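# structure of the sequence below:
(9 chains, ligands or ions: 3)
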Amino acid sequence: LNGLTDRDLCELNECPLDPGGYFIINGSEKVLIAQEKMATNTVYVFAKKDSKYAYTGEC
Amino acid sequence: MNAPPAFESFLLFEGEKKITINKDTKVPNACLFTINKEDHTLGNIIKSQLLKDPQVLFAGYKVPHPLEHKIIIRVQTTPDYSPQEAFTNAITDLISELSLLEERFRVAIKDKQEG
Amino acid sequence: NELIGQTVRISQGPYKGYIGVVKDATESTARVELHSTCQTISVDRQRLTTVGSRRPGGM
Amino acid sequence: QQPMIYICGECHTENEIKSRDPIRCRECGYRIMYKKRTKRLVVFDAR
Amino acid sequence: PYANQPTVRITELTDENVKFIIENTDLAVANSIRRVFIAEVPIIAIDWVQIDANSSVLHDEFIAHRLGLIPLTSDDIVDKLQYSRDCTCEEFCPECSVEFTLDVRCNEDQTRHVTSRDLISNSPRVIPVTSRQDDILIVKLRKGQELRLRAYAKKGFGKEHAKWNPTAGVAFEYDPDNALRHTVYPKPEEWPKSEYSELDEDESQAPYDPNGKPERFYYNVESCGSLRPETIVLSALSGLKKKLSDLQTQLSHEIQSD
Amino acid sequence: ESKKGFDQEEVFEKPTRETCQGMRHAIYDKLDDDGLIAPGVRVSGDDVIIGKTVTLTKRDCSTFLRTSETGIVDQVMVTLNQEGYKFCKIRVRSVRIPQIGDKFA
Amino acid sequence: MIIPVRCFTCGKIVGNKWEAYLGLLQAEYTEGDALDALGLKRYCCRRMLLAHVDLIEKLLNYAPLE
Amino acid sequence: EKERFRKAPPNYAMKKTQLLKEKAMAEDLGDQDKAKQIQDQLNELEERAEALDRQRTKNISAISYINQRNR
RNA sequence: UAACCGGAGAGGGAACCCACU
Ligand SMILES: [Zn+2]
Ligand SMILES: [Zn+2]
Ligand SMILES: [Zn+2]
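Numbering: from 1, shown residues only, chains lettered A, B, ... in the order given. Ligands and ions are numbered 1, 2, ... in the order given. Here you go, the structure:
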């Protein structure tokens, strides 16, 4: 359904306003939610006070 | 699914009376007319017509619940005048006035139309 | 019973001319599930008249 | 003697399906296909 | 202790609305007529739809609903029919109903506007409002879709369903200048003048008039096509007068039987 | 419908108060002999939608409308699934006038 | 989806005005001068035709056959 | 046996045949099958676009002209 | 000097996201 014009989205019984972006898995549309995390490859100096450490240079 | 059918606001069931008079006991010469399947259309003209009667000491109407189709009209008159005839005379002349208003609207139409 | 499950048509009283399928009938009344509204009313069994739904010519 | 007629998806041609049949259109080949309206009495209240 | 003598004065009469003025009446009588214009004036409207084939993109109940809202010219019929629930018949009668019929199939290539031209009546006088301006679109069909149904029009009033409501809008008004101070303006000059205001452009509201009642109720009844705008009125006066006569009969029975 | 085992198999079939042993108090003739209700048919709560039997004589295994749901059958489609079994989806429509208790924002 | 028959508030028939109103806008009328050339005064009746979005034209694109 | 004497662009097989004809053109490293497929596809596209405008010839054509001009 | 039928609560478990107050 790609680069396909608007008559043809409607000839395949689809809507041209559908955004896309989801999977059909056993006839269910599933979305992948974006998960955040920490940036890798970067030095971060924190300070946990609830331990034996004054500082911590994670990476 | 619990919706009442819409003809239930004007159609009388089987056994319901249209109108029902109950003598009121707190004050002398007072009655309560309970009209079924009516609303503020008919209850307001009668009350305002009864307040024109000089021998009527109290007149009012209420609608106890709006989901239910019943009004109560409480009339109190002076001891030489029962509220049964106050309520009757308040309708007889309300009729005479509506009939006269109809005659006059009809001649005013047929004069406006080409005239 | 006898008319349970048949299509009737209410022919008197406030629901005149209203179509539904009988769900439960007794000797006196019947419960008609009305076709338009979403409701099952209980009507007298003499206010009803069977309409039926059949096809002829079966060939 | 009614054979349970279906309407194809992509063809819109009535097919006859009896039991123990593959659901496929008698032409063009289509696995999705729908049923016809009822013959009973549909009466609405214009309400 | 008695009645009042109202007087009427039609100021404008077209075939779509009437503007009249009623003088010398109580506010309750003048407002209760206003309510009878909206609910209790009988009119014919499609109320029974049997759908034989519907393949449009609209529902089955979407068509039937849009068909009930099509106004049908009830004008001298509506006072000869009976209510359906009172006809001593089985399955509608020419004496309590009017039968309609729509049969449309789009065969051509362009889309079909099923309009109310297609609703064919069996009485020549109760027709949808097409007589003498487009027509109420019911559906639009594509190539190969269709609609056959037959429908029935019965008598009713706007208290059951709004489809039996003969008016576009009733414009009641009384006392245009705030002479009675029934409404109290916080800044009386920010308010535009009524249409009927016998007031100059200098002053804002009329000076307060302590002993005084409403009269001169100004009305503007606008029809939706179904009845003619002066028949809505003459029928609301008779419909109200008939509610009252019936109440009086039931009352005299309650009195004599106590 | 499926092959449950050697002796067990499901099939779309009007049950009958004769062979299907488990069986409901319902109206089964609303559905036609295909075992599937047809579009345009008014249904209500616990009316049978898809008649289905599984062999043991036959048990009833049919699907019913959710209690108090009350629609009109909108369209019925029949097809096969990856396993090549008959598979149908019925949808039921239900008009909702705005009565009181309904939430508006 | 398709133009309502009546104005919800008022009662006035607006079902016959969607084609006329799209034709006047095609001509040259501005949208406020089209709405009273049709005869719609109350602003209750005027939002029926301004706010209406016509979806049945998109639903007709999904032909069942041809 | 039914498809043999029955034409493939009649009626709803139009888009599916369009993508399948593109797939048949792409699957081929021979230029002759690609050019035959390109000609068949352009002819089918023109026939389908004509059929599509003829059905949209009325009352959708009229609203396209009004939206194009309203913006 | 006669008159045909009788059977009934059925039935389901585990885990996860979304949403409402
Ligand atoms: Zn096939
Ligand atoms: Zn009759
Ligand atoms: Zn309006």
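# residues of the stretch 1-150 of chain E that sit close to chain B?
E:1-10, E:13, E:20, E:22, E:25-29, E:31-32, E:35-36, E:39-40, E:85 (C-beta under 8 Å from any C-beta of the partner chain). Every C-beta, even on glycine, is put in place using the N, C-alpha and C of the backbone.
# ok, residues contacting stretch H:34-53?
A:7, E:109, G:66, H:9, H:14-15, H:17-18, H:21-22, H:24-25, H:28, H:61 (C-beta atoms under 8 Å, 6 or more residues apart in numbering or on different chains).
# can you list the buried residues in that stretch?
H:37, H:40, H:41, H:44, H:45, H:48, H:51, H:52 (16 or more other C-beta atoms under 10 Å in any protein chain shown).
# one more: stretch B:83-96?
For stretch B:83-96, a neighbour-count test (16+ other C-beta under 10 Å) marks B:83, B:84, B:86, B:87, B:89, B:90, B:91, B:92, B:93, B:94, B:95 as buried.
# now it - C-alpha only, CSV.
Provided in CSV are the C-alpha atoms of stretch B:83-96 (Å, rounded to 0.1, in the frame of the first residue of the first chain):
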residue,chain,number,x,y,z
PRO,B,83,-63.7,25.4,44.7
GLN,B,84,-65.6,23.0,42.5
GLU,B,85,-67.3,25.9,40.9
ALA,B,86,-64.3,28.1,40.9
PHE,B,87,-62.5,25.5,38.8
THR,B,88,-65.5,25.1,36.5
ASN,B,89,-65.9,28.8,36.0
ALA,B,90,-62.3,29.2,35.3
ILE,B,91,-62.6,26.8,32.4
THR,B,92,-65.9,28.1,31.0
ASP,B,93,-64.5,31.6,30.5
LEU,B,94,-61.1,30.4,29.4
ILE,B,95,-63.0,28.6,26.7
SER,B,96,-65.1,31.6,25.9
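# can that stretch be said to contact chain E?
Yes. Against chain E, stretch B:83-96 shows contacts by C-beta under 8 Å from any C-beta at B:84, B:87, B:88, B:89, B:91, B:92, B:93, B:94, B:95, B:96.
# take those and keep only those in helices.
Among the residues of stretch B:83-96 next to chain E, the residues falling in helices (DSSP state H) are B:84, B:87, B:88, B:89, B:91, B:92, B:93, B:94, B:95, B:96.
# just checking, the first one touches residue B:30?
The reference is to residue B:84. No. With contact defined as C-beta atoms under 8 Å, residue B:84 does not reach residue B:30; the gap is 11.3 Å.
# I'd like to know which of the contacts of stretch H:34-53 are buried.
Applying 16+ other C-beta under 10 Å to these flags A:7, H:14, H:15, H:17, H:18, H:21, H:24, H:25 as buried.
# got TSV for the residues you listed, with distance to chain C too?
As requested, the buried ones among the contacts of stretch H:34-53 are exported to TSV (distance: C-beta to the nearest C-beta, whole Å):
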residue	distance to chain C
A:7	38
H:14	36
H:15	37
H:17	38
H:18	41
H:21	44
H:24	46
H:25	50
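# centroid residue for chain G?
residue G:18 (3.2 Å; C-alpha atoms, centre = their mean).
# and which of the residues of stretch B:83-96 next to chain E is nearest residue E:52?
Nearest to residue E:52 among these is residue B:95, at 48.8 Å by C-beta to C-beta.
# for residue B:54, see how far away the residue nearest to the closest one when sequence neighbours are not counted is.
Nearest residue to residue B:95 in three dimensions, chain neighbours excluded: residue E:244, at 5.2 Å (C-beta to C-beta, 6 or more residues apart in numbering or on different chains). Residue E:244 sits 22 Å away from residue B:54, going by C-beta to C-beta, to the nearest Å.
# who has more neighbours out of those two?
residue E:244 (19 against 9; other C-beta atoms under 10 Å in any protein chain shown).
# pretty sure that one is in a helix, no?
Yes. Membership of residue E:244 in a helix is supported by DSSP: H, G, I helix; E, B strand; the rest coil.
# quick one: contacts for whatever residue of chain G ends up closest to chain B?
Per C-beta to the nearest C-beta, residue G:11 is where chain G lies closest to chain B, at 17.0 Å. Neighbouring residues of residue G:11 by C-beta under 8 Å, 6+ apart: E:162, E:165, E:167, E:168, E:169, E:224.
# which residues of chain C lie near chain G?
By C-beta under 8 Å from any C-beta, no part of chain C sits against chain G.
# that older thread, the residue nearest to residue B:95 against residue B:96, yeah?
No. Using C-beta under 8 Å, residue E:244 is not in contact with residue B:96, being 10.3 Å away.
# which residues in the chain form helices?
Answering for chain A, as no chain was given. With DSSP H as the criterion, chain A has helices at A:6-11.
# hmm, I had chain B in mind actually
With DSSP H as the criterion, chain B has helices spanning B:40-50, B:83-112.
# make CSV out of those and add distance to residue A:14.
Below are the helices of chain B laid out as CSV (distance: least, C-beta to C-beta, whole Å):
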stretch, distance to residue A:14
helix B:40-50, 54
helix B:83-112, 60
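# counting neighbours, what do you get for residue H:60?
18.
# before we move on, the earlier item: could you dump the buried ones among the contacts of stretch H:34-53 to JSON lines with secondary structure and distance to residue C:9?
Formatted as JSON lines, the buried ones among the contacts of stretch H:34-53 follow (DSSP: H, G, I helix; E, B strand; the rest coil; distance: C-beta to C-beta, whole Å):
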{"residue": "A:7", "secondary structure": "helix", "distance to residue C:9": "47"}
{"residue": "H:14", "secondary structure": "helix", "distance to residue C:9": "46"}
{"residue": "H:15", "secondary structure": "helix", "distance to residue C:9": "47"}
{"residue": "H:17", "secondary structure": "helix", "distance to residue C:9": "50"}
{"residue": "H:18", "secondary structure": "helix", "distance to residue C:9": "52"}
{"residue": "H:21", "secondary structure": "helix", "distance to residue C:9": "56"}
{"residue": "H:24", "secondary structure": "helix", "distance to residue C:9": "59"}
{"residue": "H:25", "secondary structure": "helix", "distance to residue C:9": "62"}
